[PDB]
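Worksheet: one structure, shown below.
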Amino acid sequence: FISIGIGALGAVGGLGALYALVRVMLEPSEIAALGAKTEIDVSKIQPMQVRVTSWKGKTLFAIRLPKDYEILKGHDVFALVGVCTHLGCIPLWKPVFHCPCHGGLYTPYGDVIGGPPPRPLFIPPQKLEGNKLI
Amino acid sequence: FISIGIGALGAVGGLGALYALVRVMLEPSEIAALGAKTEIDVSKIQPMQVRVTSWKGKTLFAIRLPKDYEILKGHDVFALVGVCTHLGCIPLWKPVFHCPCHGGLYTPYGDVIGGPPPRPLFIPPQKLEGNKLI
Amino acid sequence: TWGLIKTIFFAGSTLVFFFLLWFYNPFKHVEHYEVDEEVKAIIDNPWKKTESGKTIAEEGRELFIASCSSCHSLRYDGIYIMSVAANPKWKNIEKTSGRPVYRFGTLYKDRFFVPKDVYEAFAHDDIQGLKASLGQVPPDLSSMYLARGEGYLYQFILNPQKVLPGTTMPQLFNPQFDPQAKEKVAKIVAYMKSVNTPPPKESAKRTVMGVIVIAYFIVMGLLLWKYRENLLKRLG
Amino acid sequence: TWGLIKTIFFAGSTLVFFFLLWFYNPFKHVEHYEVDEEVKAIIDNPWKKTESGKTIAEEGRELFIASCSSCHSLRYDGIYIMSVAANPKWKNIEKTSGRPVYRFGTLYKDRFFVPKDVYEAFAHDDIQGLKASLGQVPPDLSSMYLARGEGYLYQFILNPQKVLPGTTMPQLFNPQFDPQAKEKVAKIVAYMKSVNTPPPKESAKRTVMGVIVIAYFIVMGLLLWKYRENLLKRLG
Amino acid sequence: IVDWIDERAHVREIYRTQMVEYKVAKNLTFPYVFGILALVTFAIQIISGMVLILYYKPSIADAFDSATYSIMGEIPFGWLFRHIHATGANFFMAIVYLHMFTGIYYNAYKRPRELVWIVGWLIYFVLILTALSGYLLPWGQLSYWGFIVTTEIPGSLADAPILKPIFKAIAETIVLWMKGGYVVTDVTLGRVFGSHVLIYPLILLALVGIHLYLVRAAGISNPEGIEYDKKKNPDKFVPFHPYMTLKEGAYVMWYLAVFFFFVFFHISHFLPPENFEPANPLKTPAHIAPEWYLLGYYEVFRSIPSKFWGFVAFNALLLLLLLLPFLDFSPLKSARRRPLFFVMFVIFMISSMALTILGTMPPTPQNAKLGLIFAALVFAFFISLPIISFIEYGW
Amino acid sequence: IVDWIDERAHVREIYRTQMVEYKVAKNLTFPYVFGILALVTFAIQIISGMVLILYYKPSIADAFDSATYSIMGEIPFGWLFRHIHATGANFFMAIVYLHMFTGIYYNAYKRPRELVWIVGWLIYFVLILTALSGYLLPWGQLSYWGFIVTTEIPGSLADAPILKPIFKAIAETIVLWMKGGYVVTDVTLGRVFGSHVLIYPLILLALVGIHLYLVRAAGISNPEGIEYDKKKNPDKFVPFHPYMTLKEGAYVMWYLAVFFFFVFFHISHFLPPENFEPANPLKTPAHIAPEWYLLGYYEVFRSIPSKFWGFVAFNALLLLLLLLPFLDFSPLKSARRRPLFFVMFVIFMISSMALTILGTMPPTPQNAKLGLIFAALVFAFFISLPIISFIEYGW
Ligand SMILES: CCCCCC/C=C/CCCCCCCCCC(=O)O[C@H](COC(=O)CCCCCCCCCCCCCCC)COP(=O)(O)OC[C@@H](O)CO
Ligand SMILES: CCCCCC/C=C/CCCCCCCCCC(=O)O[C@H](COC(=O)CCCCCCCCCCCCCCC)COP(=O)(O)OC[C@@H](O)CO
Ligand SMILES: CCCCCC/C=C\CCCCCCCCCC(=O)O[C@H](COC(=O)CCCCCCCCCCCCCCC)COP(=O)(O)OC[C@@H](O)CO
Ligand SMILES: C/C(=C/CC/C(C)=C/CC/C(C)=C\CC1=CC(=O)c2ccccc2C1=O)CC/C=C(/C)CC/C=C(\C)CCC[C@H](C)CCCC(C)C
Ligand SMILES: C/C(=C/CC/C(C)=C/CC/C(C)=C\CC1=CC(=O)c2ccccc2C1=O)CC/C=C(/C)CC/C=C(\C)CCC[C@H](C)CCCC(C)C
Ligand code: HEC
Ligand code: HEC
Ligand code: HEM
Ligand code: HEM
Ligand code: HEM
Ligand code: HEM
Ligand code: FES
Ligand code: FES
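Those sequence lines, one after another, are chains A, D, F, C, E and B.
Read in order, the letters of the first sequence correspond to residues 8 to 75, 96 to 121, 131 to 170 in the authors' numbering.
Read in order, the letters of the second sequence correspond to residues 8 to 75, 96 to 121, 131 to 170 in the authors' numbering.
Heads up, the third sequence is in the authors' numbering, so the first residue is 3 and it goes up one at a time.
Heads up, the fourth sequence is in the authors' numbering, so the first residue is 3 and it goes up one at a time.
Heads up, the fifth sequence is in the authors' numbering, so the first residue is 7 and it goes up one at a time.
Heads up, the sixth sequence is in the authors' numbering, so the first residue is 7 and it goes up one at a time.
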């Protein structure tokens, strides 16, 4: 038929044009997801060594410690978003590791022992499957 | 009066708004004229020495030679837009001075003696008033 | 009448709302810093001439370059770190746009504005001992006057430990044993103010034209009102 | 009839005008360069696999990096000068956007695209012996395939003195005594082509959707025509 | 002359039809001029944005140096057109708020004006997006962070409700829509610039055209509520020109004087000083609540102790302005005519000002108690419209 | 349903008035669809430019890497919307040329359509600027240099005439207008981007609206020349819908098929390959004539051995399209009705195609002889319109 063929075909055309326009404008996909995996081989890092990385943006720390806030008990591996709190610097490693901007100290777990910062370093959500962190 | 006051005053307001809009959009003045003077002290340059400068953009040469195309006879000072011709490089000084991109030679006056370039270096318009070139 | 109460309520509450929403919300208690009033006049007029025919803005500029450009890069006026001196090109700063500073309304062909990405990639992306030692790159003082105010700028400088409790920015001017330090910080802040504030010649034309535009719109509205009122009598 | 002559003239001349204005103007005699046909198949399919499971595009990439990245910086694929190696950061190339190369439609997290101003200010604005010696900076091969064509690229490379009479770009592959040089230049041009041309998987979806859009508009116009013609009989 | 143009365009036949015999009402009160003023401010925004688009550069390393160095110091009269733009944005929100609030007063949403209110609510929604996306463009310290906090709000929907915690990765306006996905990069700033500059003002020109046509097709509602004595009762209409086209002609000039007072002499609050610091994504400012036209909803949000229910309230408070004409069903029209709706409208207007004011203050628990007390009263205005309707339906 | 929207918007009353009882002519030939097609291509350009504005960055070091790297490789379907844009620009010039040329054929500029032709010539002039300024934006090798050579043309006015050599520094469109003054810098590219993207398409939307209104107010001219048998003679009109609204509905689809053939399968001439080299201001390409819609005037120019007189001819050839309705004064209307105007129009159309074709070839002296022979015939069409009018005025 015709009077319904025009409608069906116009709907198909509008759907294709809309798909293209949404795909161009509203789509950062497959380049936005950087990075959900965040490959962090924890078989390389030696104890009491942290790595600079990025999970959902900058930055990310990957601490590894054999023995002894504290949301998580001893797993010997985790990850913490490393940015100083009260003004936003980057603390450098080495038990505590402080940021040289003002003097804020931080335990290897993330809490603050002597605080110019008011709050600790937030635990970003993570996942460990074998020898990989998320 | 009133019915003419509104017209006079609306014309003044439209003229002011138009002046502002033209002054914002269509006006590179006093930063566009860089550079019409192009201060080139020719009391410093020693004979057979050229200077890198800019007249109406890049680039400009300022040659000074005591003795011997040739649009201009002996004035001992002039200026030539220095960019190689057949592909657009910058020849370096030293009687001829060539550009090392393909081997084009140029007399101290501007013409080509052995030409991968077809045409010489153009004489940009200039003005000499005392110890200054334009 | 009841319409009068309706009017002075629906307009009263609206004016009171936009008043304490658009200036002087009395329930926000942000802190204020005052200039020490030992000078308060070095800063009020940075274009005030001094001896040797140099304005306070210029004296503050050279004081900033000499004792403050060691770690801070006030662009918008061509002042970058002195490591190297000067930190931008070295060799050619002109062929990077890179353009000369042309502020209101005069240009300075001796100082150049290099973009934020060309600089700090050619300059500090080989991170010298600024982000390393301090941990904090000394950010940029190009528009820090507009963001802080002369009070905060004067009170921060010469006592950075007062404003922020701990801070690796040094005192660099310690009073109670330096008689000229207050005037030094005053000339520094006067310079930083002269970068973001139009000179008295340009700052007065703005006031004149702002008064004239408002007076133009008021009188044009008033003429339209009188015209309508005179025309409505020809018709009723 | 006279209307028929009017039609086949005002449409004939218009089609003949837009034909020799929009493709094959036979009066412009620009010169053409041909691939030597000794291969002509290394270039037609750069994604053609080879031994060791490496495509011709990849072999050309490493050949370009090894013997051509000495002076040319093919960005859009993360290949900058080898002085220094690699010329971009050194230290951190990631915090300059600086983003990873994400071409159609796969990204390479190992190679980074640095802007034209960050690069060549951090890299070559301390002019090493490239603009100095050659006088000409070796420009950029990122989009030189699209600008020259595989014929011109193959004929320029391996005999730069043929195309341009004098040129300080060296032969760098001299035939008549090198049996593999033609295949080397062929793999180089195949790589440079694989940077600007979508792979066969993506280049075929474009053809399919281009055929389908044209077939959609033709058939939609034809259905509108038939609808109008059937409706005009209900009315006359 | 002009007769030559009349014989070809019929301009005088359009004038004597659209202005001389338009027959507006006579008793139109002052707040009817807010539409004309919103249109004038729209023109101001377009005119001063066509100037800023010449010199603003949508790169992270180039923005805030275009707007603050280039526009303000380098360009002649560029300071003026950035002042005009940042002032017109706030004046354009304020005028549109007054417009819809005492278009609510006169119940200009009832029949036959249901459609003009739908188109007006679309205007309002896309105007929030045009002012919200244009605030990221200066790339200032609190511009960037108010954009972050404003686009992290739909992430609270992905928060687990008490039931059905599947919304994670559902309606992910965080990674899909603005914020570009985990990072605000150069591509995201380019996208926000392009949208704010051309995509939103075009679908505002279209929507304002449709709105202005629907106002004419439905006729402007008079503040009495009787809505007509048409074909009869002269001396009640006194046609548009010049009884109303010079009254608006003067109110527009006075509004422009009030506007150019803020443009020139008091703009320390439209270009806030603390936005003159270049944005760095590692340092968060102290108090980063959104801009004032969204604080009325930001105080409803972050007052419910849960985030998901706070987002649901955020969105129900917006959706109850769309469904407002379908929510109020009564023969009576104005608020002069409904003595019980006037009380609820005073409550609603007071509690909507109070939420916007409480949204500026820091989030103390007493502030949250107040923000709940006032959110309850703002919702009581919408929950009571059908009850008032049932009461008036029986007279 | 839809009746609910009709009672509030009166959409069916607008349909049955604008489409069912519009009463177009019946004998409208095919070239009357060129206006509808120009409007469709305008929509195509706006739609695909709203996409390119998201990712194009108006910086000298960033442009050509947005357009060539970002748009083409990084963005999904970005290749398609750059192909659509560069194809729509050339199709939009071609359609507008056909539109005005056989709107000249049917003499749709005579009374009472003098004003619609003036507005159409304004459309054409601002469209040259929108396509000329949008070509600089890719910042390619020949984009930049064709912009340079095109804006250096008004400098030939500053050239000394044989008399009064005062024009130097007079109408200095070199330093004042585009080219930014002695250098095309980042500020000039920002200015051209802003103008091309928003200032010119807005004053094209305004002008196209005015043009479409003036066409309706004056009525569409029929190709016979009698221009009416109105209030009488049925069976000559057969109203617009659906006799003409589905004929155009099909011609638009077929034109879009021809358009999307070039978009997909043959675009090596709209995005010319030699424009994929980043512009460097030190290397001039070999042949740098402007883009094809300006070659008809570029061949008149640079054919007169003088530059000043060449510029005067360049501008007189444009101005004689504005004054074309005032230049032709006759009762007769169509070219079917004037056997002596048809000959001059064939001469004009042939000699206007021939100039555009000769403008592509390199400037040999024989090419200049031909470009003068054809410029003379193009001017003879305008110099003969008043003579033909005097002849026809006496029948
Ligand atoms: C140099 C400095 C400047 C100097 C001063 C400038 C001039 C100022 C003039 C006043 C401007 C404000 C205008 C107030 C409105 C006029 C008052 C009014 O008219 O009252 C009502 C107006 O309604 C209406 O717009 C309703 C009123 C608007 C509602 C208030 C807006 C609230 C905004 C809140 C925004 C956040 C809320 C959204 C988030 C939930 C209607 O009353 P009526 O029953 O019809 O009777 C009218 C009388 O004349 C009787 O004849
Ligand atoms: C996949 C590949 C695609 C496949 C093919 C696609 C389809 C193509 C179809 C043809 C498209 C071209 C249309 C040609 C116009 C139709 C011909 C025509 O109709 O002829 C005349 C058209 O006028 C007019 O537009 C005048 C004609 C336009 C003039 C020519 C334009 C010149 C352009 C020059 C541009 C540079 C000049 C400017 C610089 C000075 C009018 O003739 P009539 O006397 O009224 O009699 C009409 C007959 O039907 C008799 O009944
Ligand atoms: C610098 C500022 C910008 C300038 C831009 C300029 C643009 C346009 C300028 C031209 C303005 C048009 C003025 C014409 C006024 C109409 C006069 C009129 O009133 O015309 C009427 C009909 O027009 C009608 O329907 C017409 C009504 C139907 C269409 C209404 C428009 C719909 C909404 C459009 C807005 C944008 C839509 C979205 C676009 C994508 C009357 O027609 P009659 O046959 O006699 O009687 C029939 C009965 O209706 C009697 O009432
Ligand atoms: C041509 C066209 C085709 C789109 C084809 C599509 C998406 C195919 C689906 C995707 C396909 C296959 C495969 C998947 C796919 C294809 C790729 O090429 C691709 C490329 C790069 C990365 C990834 C991909 C990818 O994933 C776009 C149309 C042109 C526009 C400008 C769209 C905007 C249109 C609007 C806004 C409405 C305007 C309609 C107007 C009123 C005309 C009415 C007449 C008719 C339309 C009914
Ligand atoms: C406020 C305003 C004032 C302009 C004031 C001017 C230039 C004064 C002249 C310049 C003066 C003193 C001194 C010289 C001068 C002043 C500087 O500030 C300055 C700053 C920096 C460098 C150099 C200078 C300088 O040289 C601009 C108006 C706002 C606009 C957006 C303009 C665009 C307007 C358009 C397009 C028409 C719209 C009209 C509209 C329909 C309303 C109708 C009602 C009424 C207007 C009749
Ligand atoms: C020894 C390094 C150093 C030098 C020299 C230095 N500063 Fe600082 N300054 C810093 C650092 C690091 C910061 C930013 C982080 C911090 O310390 O608070 C800063 C911040 C600032 C701030 C703003 C801080 C804020 O949060 O608003 C100002 C203003 C400032 N400096 C002014 C100056 C002036 C003026 C001088 C020259 C007299 C100067 N600085 C010299 C280290 C320095
Ligand atoms: C010893 C320096 C040098 C090296 C190594 C070099 N080139 Fe060149 N090449 C140049 C220079 C300089 C230019 C540009 C000016 C010129 O010489 O023509 C150039 C230009 C080019 C051009 C384009 C010229 C035009 O006008 O279109 C191409 C293509 C090219 N080179 C490819 C290559 C390839 C492929 C390699 C690696 C096999 C390479 N180049 C290695 C010096 C070099
Ligand atoms: C129509 C309603 C509009 C509103 C409510 C609005 C609002 C805003 C706001 C609040 C800003 C921030 C300015 C600042 O904080 O300094 C802004 C910036 C900007 N606007 Fe708009 N805008 C509107 C329309 C437009 C239009 C039509 C354009 C056309 C180009 C435009 C162009 C810009 C540009 C380029 C900027 C950034 C320049 C700057 O930082 O000042 N805007 N807008
Ligand atoms: C750019 C934004 C807007 C513009 C330019 C605009 C313009 C106008 C104008 C000129 C009128 C004429 C009647 C009058 O002046 O009161 C009007 C009427 C109206 N507007 Fe808007 N408006 C805008 C936004 C809105 C919004 C956001 C709403 C509702 C949420 C709205 C709802 C209405 C209603 C209900 C009327 C009818 C009033 C009545 O007939 O009594 N408008 N609009
Ligand atoms: C209306 C008539 C228009 C014409 C004739 C036109 C013509 C052109 C042309 C020829 C180009 C060069 C593209 C290339 O060579 O690759 C271009 C580029 C461009 N146009 Fe337009 N344009 C028009 C409208 C618009 C509009 C409304 C926009 C709205 C944003 C726009 C945005 C752009 C942008 C951003 C570019 C540069 C992007 C690129 O390099 O492809 N154009 N235009
Ligand atoms: C974006 C550009 C343009 C658009 C969208 C446009 C659109 C239209 C449309 C739809 C018509 C209806 C009648 C018809 O289809 O033939 C028309 C008529 C007309 N146009 Fe345009 N046009 C444009 C440019 C021009 C130009 C550049 C000229 C002249 C230089 C022009 C001159 C005319 C004339 C004379 C008519 C009346 C034809 C007649 O009534 O016989 N138009 N235009
Ligand atoms: S940021 Fe670490 S000390 Fe203030
Ligand atoms: S550029 Fe100097 S030789 Fe070709």
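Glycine included, each C-beta is placed from N, C-alpha and C at the ideal position.
Exercise for the section: Report buried or exposed for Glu152 of chain F, applying the criterion of at least 16 other Cβ atoms within 10 angstroms of its Cβ. Expected result: buried
Handout entry: Interface residues of the segment 152–171 of chain C facing chain D [CB-CB below 8 Å]
Key = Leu166, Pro167, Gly168, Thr169, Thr170
Practice task
Anything in chain C within Cβ reach of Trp260 of chain B, meaning under 8 Å, just list it in chain order.
Solution key: Under the 8 Å cutoff, chain C gives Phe219, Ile220, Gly223.
Problem - Neighbour-count burial assignment, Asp68 of chain B, 16 or more Cβ in a 10 Å radius - result: buried
Handout entry: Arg113 of chain F: first and last residue of the uninterrupted beta strand (DSSP E) it sits in
Key = 109–115
Exercise for the section: Indicate whether residue 242 of chain F and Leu226 of chain F have their beta-carbon atoms separated by less than 8 Å. Expected result: Nothing about residue 242 of chain F can be reported from this structure: the residues present for chain F run from 3 to 238 only.
Handout entry: With 16 other Cβ atoms within 10 Å as the buried cut-off, status of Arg150 of chain C
Key = Looking at its Cβ environment, which holds 16 or more other Cβ atoms inside 10 Å, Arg150 of chain C is buried.
Exercise for the section: Determine whether the Cβ of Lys63 of chain A lies closer than 8 Å to any Cβ atom of chain E. Expected result: Cβ-Cβ to chain E under 8 Å: yes for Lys63 of chain A.
Handout entry: Rounded separation between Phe131 of chain E and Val181 of chain E - CA only
Key = 21 Å
Problem - Beta-carbon separation (whole angstroms), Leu157 of chain D vs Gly150 of chain D, contact threshold 8 Å - result: Rounded, the Cβ-Cβ distance is 14 Å, inconsistent with contact.
Practice task
Taking C-beta pairs closer than 8 Å, name the residues in chain C that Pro131 of chain D reaches, listed in chain order.
Solution key: Within 8 Å Cβ-Cβ: nothing; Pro131 of chain D doesn't reach chain C, min ~19 Å.
Exercise for the section: Give a yes or no on whether 8 Å exceeds the smallest Cβ distance from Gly84 of chain E to chain D. Expected result: Taking Cβ atoms only, chain D reaches closer than 8 Å to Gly84 of chain E, which makes this a yes.
Problem - Chain-ordered residues of the segment 92–107 of chain F with a beta carbon less than 8 Å from chain B - result: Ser99, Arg101
Problem - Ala192 of chain F and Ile81 of chain F closer than 8 Å at C-beta - result: no
Practice task
Look at the alpha carbon of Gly42 of chain A and the alpha carbon of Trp62 of chain A, and state the distance between them as a whole number of angstroms.
Solution key: 6 Å
Problem - Inter-residue spacing [alpha-carbon to alpha-carbon] between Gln147 of chain B and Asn286 of chain B - result: 7 Å
Practice task
Determine which residues of the segment 33–44 of chain D have a Cβ less than 9 Å from any Cβ of chain B, and write them out in chain order.
Solution key: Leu33, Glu34, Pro35, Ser36, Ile38, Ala39, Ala40, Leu41, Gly42, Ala43
Handout entry: heavy atom of ligand 1 below 7 Å from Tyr103 of chain E C-beta
Key = yes
Exercise for the section: For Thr179 of chain B, return the contacting residues in chain D, with the cut-off set at a CB-CB distance below 8 Å. Expected result: Residues of chain D passing the Cβ test: none, with the nearest at roughly 10 Å.
Practice task
Sort C:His74, C:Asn161, C:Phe12 by Cα distance to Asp142 of chain C and report the nearest one.
Solution key: C:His74
Handout entry: Interface residues of the segment 110–122 of chain C facing chain F [CB-CB below 8 Å]
Key = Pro117, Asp119, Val120
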